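Enquirer: Sequence, then the experimental structure. Questions to follow.
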Amino acid sequence: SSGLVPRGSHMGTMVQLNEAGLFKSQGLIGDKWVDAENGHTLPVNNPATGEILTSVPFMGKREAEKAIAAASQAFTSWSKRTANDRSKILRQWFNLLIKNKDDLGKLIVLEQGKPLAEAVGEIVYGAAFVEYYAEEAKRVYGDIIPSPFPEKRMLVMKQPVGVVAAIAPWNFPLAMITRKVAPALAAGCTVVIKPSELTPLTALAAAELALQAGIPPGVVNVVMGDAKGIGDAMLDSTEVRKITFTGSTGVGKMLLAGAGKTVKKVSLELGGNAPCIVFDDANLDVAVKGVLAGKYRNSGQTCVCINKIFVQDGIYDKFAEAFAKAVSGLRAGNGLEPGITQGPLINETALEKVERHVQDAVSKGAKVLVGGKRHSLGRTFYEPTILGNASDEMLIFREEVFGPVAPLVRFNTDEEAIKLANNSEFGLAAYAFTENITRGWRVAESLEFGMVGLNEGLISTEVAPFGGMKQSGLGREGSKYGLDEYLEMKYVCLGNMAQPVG
Amino acid sequence: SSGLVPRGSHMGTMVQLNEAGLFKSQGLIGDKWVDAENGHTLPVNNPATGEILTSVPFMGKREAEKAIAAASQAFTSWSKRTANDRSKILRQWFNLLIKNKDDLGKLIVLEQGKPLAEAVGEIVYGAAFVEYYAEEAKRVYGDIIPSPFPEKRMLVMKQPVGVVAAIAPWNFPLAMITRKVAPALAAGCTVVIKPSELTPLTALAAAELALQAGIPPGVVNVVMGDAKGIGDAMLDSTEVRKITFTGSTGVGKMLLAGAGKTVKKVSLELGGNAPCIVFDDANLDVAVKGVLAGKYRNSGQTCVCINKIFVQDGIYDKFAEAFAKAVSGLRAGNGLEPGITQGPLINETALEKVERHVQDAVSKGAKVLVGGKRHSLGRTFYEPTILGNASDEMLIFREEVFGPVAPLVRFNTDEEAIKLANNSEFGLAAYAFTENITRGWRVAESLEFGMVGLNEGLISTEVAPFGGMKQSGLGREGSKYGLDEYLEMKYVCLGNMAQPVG
Amino acid sequence: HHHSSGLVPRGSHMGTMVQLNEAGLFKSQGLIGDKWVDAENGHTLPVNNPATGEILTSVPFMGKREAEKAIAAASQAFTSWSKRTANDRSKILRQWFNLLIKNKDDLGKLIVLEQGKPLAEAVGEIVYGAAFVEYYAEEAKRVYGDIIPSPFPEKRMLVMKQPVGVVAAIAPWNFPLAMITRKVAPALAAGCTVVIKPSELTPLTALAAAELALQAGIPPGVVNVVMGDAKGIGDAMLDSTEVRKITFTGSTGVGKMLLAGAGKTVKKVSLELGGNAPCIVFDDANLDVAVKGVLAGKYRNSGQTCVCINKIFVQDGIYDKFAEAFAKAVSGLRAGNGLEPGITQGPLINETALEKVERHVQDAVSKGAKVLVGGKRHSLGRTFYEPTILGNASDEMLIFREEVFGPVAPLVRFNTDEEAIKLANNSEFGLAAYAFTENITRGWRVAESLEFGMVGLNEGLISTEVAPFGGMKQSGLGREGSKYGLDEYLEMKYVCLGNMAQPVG
Amino acid sequence: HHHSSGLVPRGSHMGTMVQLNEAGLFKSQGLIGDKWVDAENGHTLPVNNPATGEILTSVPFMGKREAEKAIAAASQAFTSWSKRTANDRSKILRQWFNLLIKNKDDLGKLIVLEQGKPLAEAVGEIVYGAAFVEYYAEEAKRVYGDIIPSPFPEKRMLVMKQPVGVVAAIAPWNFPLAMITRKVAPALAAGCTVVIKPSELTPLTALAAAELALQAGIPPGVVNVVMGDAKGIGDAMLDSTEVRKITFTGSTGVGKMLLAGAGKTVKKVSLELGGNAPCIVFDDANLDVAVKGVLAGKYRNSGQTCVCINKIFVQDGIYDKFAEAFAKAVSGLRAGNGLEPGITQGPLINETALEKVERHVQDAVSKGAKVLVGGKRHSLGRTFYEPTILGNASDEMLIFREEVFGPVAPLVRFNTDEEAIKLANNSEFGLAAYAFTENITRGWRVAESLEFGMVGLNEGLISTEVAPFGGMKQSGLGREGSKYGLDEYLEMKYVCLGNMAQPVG
């Protein structure tokens, strides 16, 4: 036979991405796209098919040091530009992200697996941080404080912290990059980005578009490979004044510990174990639709995903029945296929953790209402699952499942559910469903979480502060407050000042 | 002979302090003034006389755990009070601090050594933080953010972080306590305070007045003794949600590293090595008066003290001559004696560090213009010193002297002095003296320090944000921004919202 | 000296008047600069107790000349007062706050004596009025300026905020202290000086408050109090170029005239005028919360507040239950002299107020309204009116179209949420409105939809110094209370520094 | 079609007018709702080129009836426009910003044609005017509300901010685009609709801007443009209860009349009126910075700006050096048609403006002023006036007391800093002021002491969209530009939620 024998299943989509200049197989250090110093690489695989998309460089300490030096050299000129000038350049980057959203969405599908509608939604959401901070760059206001000393005048100026090291996870391959890079650049910082080695292609496409937008070389640098060696170079550098990380609690805690020796500013977003409380007076359709969206988006692979649902005694049977019917309409498969609403889990480790949580729950009395097994598609596809009769002794109650498994815990009183929701060291997202004004405000105030969805399952937005309390994080991303993480305050006291004339 | 044989030299002052209820020899845990569990104690000595004032408990891990448990139990009720109620109670504490300022000032003199005028000034300044945050407690504003989703409404609430562990140094025995405790209490937090074992009496007097003001038991707790064991209990506790520290860089870095395992919020104020630039167009009298005040206050024992002075070539001789004449008017002695403007260094370790810096400078070419030796009073009194012809190879240039030694470095251009000022890992305070508007604003913007005095040697105030850049700290104390360190933000997203009617 | 001598007119509550006079809080003169003064011609006006008809005292009947002297004193004092640090003004204003609180029981009795409200409400007014003094003593130190990022590399941009200058403040009779402090406290905090004209019906509390301001260390000329010929005093305030701002609370007609007159010197003007507050009780309201809320929102100060509920729209499904429980609640109110314990309704301020209440009740009854409770003059006589409820009210009635300022509650039945909201928004008033619903979506929707400056949601008592109070549409300009209240007394100044250098590396 | 046919009047710059007419930016009708309209009686007024005397076109001469129809269209459009999300209005306003920038060269030429300024200044005005559209497209999403700590445990307190409603905007001739966008951009961003009345002397740029607003997707009725009988249009704006706010920039006399008329419907009013800017050059000023600064601050738009330097106080020690260098700088200016490259001074708008300039120069010379440069009509004729400097000026001269609005710079010698500051502050104007000093203490002191809404310190060009612009005293009310500019178009609403529960442990 004669004809094209492709190595991958989506060569047409890869060819279009490459024709658009969005497919990259090298890192970015200063004014050059580079390989690792020894030419070593690592494969990036499509989780739905198992096929290699491309190899990317396997970089370490040396490349990270060169990326930090390039960012430090670029900082002087970038930080001295007017806010208006940085704003114009960041808006050009925002426009290019939006212009290329359909192709960028497909690249997210290929390397991370989520359905195309979710991936295009992620480009719109991720790009929104670029627009938001392009506007916020011009709103870094200083202060004039009334002085209690007649001969002194007091000012507060705000200035960029310096070089930022940003480390991102695989579950939102664009939005996790822009959430960190956009405020840093807006403030006048330069960045060294280490995306997840599982999903680096979207970060490299985003950096290509940043260069096309006129972001000078060295302002954005992208390295990947030996995550430990790259992280250690970031921590050991005195030029890196801030580190921002999103990912696992264990890695986050080590970075925070390592940051101590150079007193770096640190912002982290770590594990979440989101409780969702469905009260007796909830609007049933709003609750079912809200929990379906909050739990199963990205096949449960978000740190704001609903991890455990507390359902009040009077609404339990009606909720379990309607929720099972809604979950049964979910469809698993390749994210480039229309009608698909569940993608595969990122890898075999993720699948094994989901199976460990389901087995532990069933061994402790949980009832499988829907799913509870590997999907017929094989690989890392798992059936959307609901576990009834769950309890506080189960692994799924105590730890983040990061998969499409929804456990239901029955409860009697409002106070019982709230105390149970607050009884952990997590504090990222929480949810509540009630039609009552007093109960709704009370539950929102009582929940010890950085974010609360009240009659809402999808809370993500660039305009609001996102982050955790307790062991779920430090600092916030999004909103006017997101920019403060990248600034240093300076109090200036002017002395020998005169009294005004009559 | 017959008559009173006192152990100390200032029994009359101690008797008055005791009669006023301000002399304490026990720690405070919940509703009890306590000894250590084994009755062990440590002496507190008067640095000017060598005499023991009193012994205080030598507490450790167990007492710190009991103080944390008391603060955690008190948090629920204290945090649920209205801001107005906490404000009223904090204002009562402020009024009692001011009513007792003369006696409290004398207690600072006795245990820390500074002149009485400086000690009473410290009570007024330290109490000002209590007043400031009593007012700011009612101004913890939340937000309503315009939602890009027509069916959602977005709010931001701000709530107290929880139990705070506060560790303070010896150089400002009251103000370092109130700078941390006042914002924590105002936000609705409870505190476990560990003052310096060298100067704990003022913290205990302040806590007595907090109880008299109606601050409930357990809201403020004071422990001291084994600083390492107390610090480890603070770091190991999951109830301690925040740690605030002021003191040495080495200890600060260890605490920041230890805080990582429970993801605590951390605010630190560490070492400073303040440069002061005297330009050719400085007003000479303003510069001389400013540098004298900025260098020799507390005998140079402040982390905002001027550590190195860069003097431009054209004004060098005139400045050195007038500055030597001003320094020669300083008078060392016991802080309770009128006319005294220099107290003793806190202990022999501090004196040895000062002597090490002076010897190193003289061995590398520095010229002693005034002082340069131990004062005739002996003990830890050191002569106010000026070292001419100093350079960037000297220990005093590279490290914080924390003593009454002023090195002068000649320079030619503005750019040279600014680059030299910015060439360190310190970033706490810096100073500049110039009459020119363009030069003054340029130097203030260019200096990479958290605070800049422009034609001003005394910049401390409760209304402005104090803290460091680079390795000098994290977070700010004072101003509206000081309260944010003790709060957690919460984004609440309300869904299924209706469109307004016509 | 013999008890038969008549220099002091004998009467009721003489013991209270002697205690007030002993405290230095019973005044019979105005205050201009460093002197307590009579009118230039010695003319006066009597202050009478509305519950007894007895004379308390006379105050001067001043006019144009005295107002000009008060403005000159305030203008001379402005230079020094505005140049003090914010901290210094804050300390002095806190001393005034403390003296108001220390004297609250006597000051509360003085409000009862001249205005008539029950003593519990009058002492509550002192605590609320004094709260504005405390609030702005704290806010004086928080007049922050800005540093704005400059789009020009060679320029730097600042915003400073400075006091506007001399303020003329005109206050009504229904809150004789709080209306004074709501205007004076922010003005003084910002660094302004004031010329205050209290209502000639209730000037004694303003004069007692000014005495305590002097005791607190407020310098002479910073606070001045004049009264008498309101039109002539107002004209002197409007004609003066030194008066840079006017603040007025009162009737819409007088407010509109002052706003028109302010045009010729381009004065800053803040106004709080008539309100006609609708209250919507939805079917899903918590009945006890609605009944308690409407009782408090309507009958406080016998209905003589501009945030008082003027008309109640009740949804069809809850109408009968609400009308029955609301009538039972209103029947517990008790009218009488405010110094007698247990009294919860005082008299209406004067015969004009009583005639207006009777005109509204007669008009409603002639157009089909049903009297469920009250509907007539109280057996005590004078200006006491029975707490009233009128069922079957409609949009053609005078009480629906205009502010009753009396203890009359009309009930309008409605079917849909949209009908009640459109009906609530169909006027030129925009001060307060109220809504009662247990539903989160409905509650937020009604709060957003109501075209009013203030909305009580499941709350009948919304007054506080921490929140911005004022009206939309023809109910006012500007706000009082909150951080925003201080902006009314400040002028912004943009300072642009040029020939600025680039920072060094 | 033959070149001899006269339907289009032949003239100069016909190529530019054809290019503008091709782009859809040369309009001869007003805009009311979804229609471009003539006046109801077909009456018109001519728009003439001030540098050539030629007719550009006619625009309608509208009055009361057309203004009422424009207000009705804006009121009908308000419901839908105000209910859009802030993000949606932001996207549409950014599209308008982009179209203004895309068409800046043609729009700049249209400003030259009808107002006369040099083309470089006119293109600069488009960039500056469009900057307000961008600024408020961004600020629309930053209308933050508040949550205030409640002193009542059972209540929660919020502050919402909502658009005021229909806005009536009246603009002058000296910045034909920027004066429109400074008012329209914040109004639209907040969710208001507008009825704009540009100056009848320069309406073409406003109509071109409105065409581009329609192309950007701004719905019909959100922006409406009427012109003609300014008094009748203004009266319709004032009499309408739907017009909730009026914003005006122009003469003090007209401003005062509008503020007086606004009283009867309690409209929110913002005004920017006459300025008489003093400029103080101290002995320690950097001479080159002062000369360059005063040249730019005085002669920009041939002195026809309300922030223009009207009088210069020069300290005794620097007087001779400043006068000599300033005269040399002014002698380099070149008058002529703004479409000719190299021209830096355009003509005065009309004969009334020229007569006022001649009246100020004659009055100064009759009272002892010395003409150092210019002092007469330019050789080009029409309304071109020679850039002038008058030495030995004094406080008795008309140019010192009143706004010249022309290229005349009077110099007043002074001895002490305090003398110059008191002299600068001795008027009822309070718009812009300037100071030149190298000393940090003197610079900050003069900036704090000057009783003006804007101060340039070592800067002659202070205009920017990011900072608050407006006047103190009789120079205005409210501010334009900056975050504060949007507050003028919003109403605050306090919402108090009651019956609230305590949080759980």
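Expert: On my side now, so go ahead. Numbers count the residues shown, from 1 in each chain, chains lettered A, B, ... in the order given.

Enquirer: residue in the stretch 51-200 of chain A nearest to chain D?
Expert: residue A:135 (4.3 Å; CB to the nearest CB). Where C-beta positions appear, they are placed from N, C-alpha and C, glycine not excepted.

Enquirer: Which residues are in contact with that residue?
Expert: Applying CB atoms under 8 Å, 6 or more residues apart in numbering or on different chains, we find residue A:135 in contact with A:87, D:138, D:141.

Enquirer: How about the contacts made by residue A:156?
Expert: Here residue A:156 is in contact with A:142, A:143, A:145, A:489, A:490, A:491, A:492, B:464, B:465, B:479, C:147 (criterion: CB under 8 Å, 6+ apart).

Enquirer: Okay, and which of those residues map to helices?
Expert: Within the contacts of residue A:156, no residue falls in helices by DSSP state H.

Enquirer: Now restrict the residues you listed to buried residues only.
Expert: A:142, A:143, A:145, A:489, A:490, A:491, A:492, B:464, B:465, B:479, C:147 (16 or more other CB atoms under 10 Å in any protein chain shown).

Enquirer: Give me the distance between the two termini of stretch A:421-433.
Expert: In stretch A:421-433, first residue to last residue: 14 Å (CA to CA, to the nearest Å).

Enquirer: That one near chain C at all?
Expert: No - under the criterion of CB under 8 Å from any CB of the partner chain, chain C is not reached by stretch A:421-433; the shortest gap measures 10.5 Å.

Enquirer: So residue A:56 sits against residue A:202, correct?
Expert: No - at 11.7 Å, residue A:56 does not count as touching residue A:202 under the criterion of CB atoms under 8 Å.

Enquirer: Next one: the closest residue to residue A:84 other than its chain neighbours from chain B, what distance?
Expert: Spatial nearest neighbour of residue A:84, excluding adjacent residues (CB to CB, 6 or more residues apart in numbering or on different chains): residue C:151 at 4.2 Å. Per CB to the nearest CB, to the nearest Å, residue C:151 is found 16 Å from chain B.

Enquirer: Ramachandran coordinates for residue C:151?
Expert: Main-chain torsions, residue C:151, degrees, to the nearest 10: phi -70, psi -10.

Enquirer: Between the two ends of stretch A:460-473, how far is it?
Expert: 17 Å.

Enquirer: Does residue A:452 touch residue B:492 like I think?
Expert: Yes - applying CB under 8 Å, one finds residue A:452 in contact with residue B:492, separated by 4.7 Å.

Enquirer: residues bridging contact with these two, i.e. touching both?
Expert: With CB under 8 Å, 6+ apart, residue A:452 and residue B:492 have common neighbours residue A:444.

Enquirer: tell me, what residue is most central in chain A?
Expert: residue A:176 (4.2 Å; CA atoms, centre = their mean).

Enquirer: which residues does it contact?
Expert: For residue A:176, the contact set (CB under 8 Å, 6+ apart) comprises A:126, A:168, A:169, A:195, A:246.

Enquirer: list the contacts for the residue of the stretch 251-400 of chain A found nearest chain D?
Expert: Here the stretch 251-400 of chain A gets closest to chain D at one residue, residue A:277, 11.4 Å apart by CB to the nearest CB. For residue A:277, the contacting residues are A:309, A:310, A:312, A:411, A:417, A:418, A:421, A:430, A:431, A:432, A:433, A:443, by CB under 8 Å, 6+ apart.

Enquirer: partners of it in the sheet?
Expert: Assessed by DSSP bridges, residue A:277 has beta-bridge partners residue A:310, residue A:432.

Enquirer: can you tell me the distance between the two ends of stretch A:293-308?
Expert: 14 Å.

Enquirer: Pull up the distance across stretch A:104-122, start to finish.
Expert: Stretch A:104-122 end-to-end distance (CA to CA) = 9 Å.

Enquirer: Stretch A:20-31 too?
Expert: First-to-last residue span, stretch A:20-31, CA to CA: 20 Å.

Enquirer: Same question for stretch A:463-474.
Expert: 18 Å.

Enquirer: again with stretch A:256-274
Expert: Stretch A:256-274 has an end-to-end distance of 23 Å (CA to CA).

Enquirer: what residues are up against residue A:96?
Expert: A:209, A:212, A:213.

Enquirer: Residue A:134 now?
Expert: Contacts of residue A:134 (CB under 8 Å, 6+ apart): A:86, A:87, A:88, A:90, A:91, A:93, A:94, A:182, A:186.

Enquirer: before we move on, what about residue A:68?
Expert: Residue A:68 is in contact with A:163, A:165, A:192, A:233, A:234, A:237, A:239, A:240, counting by CB under 8 Å, 6+ apart.
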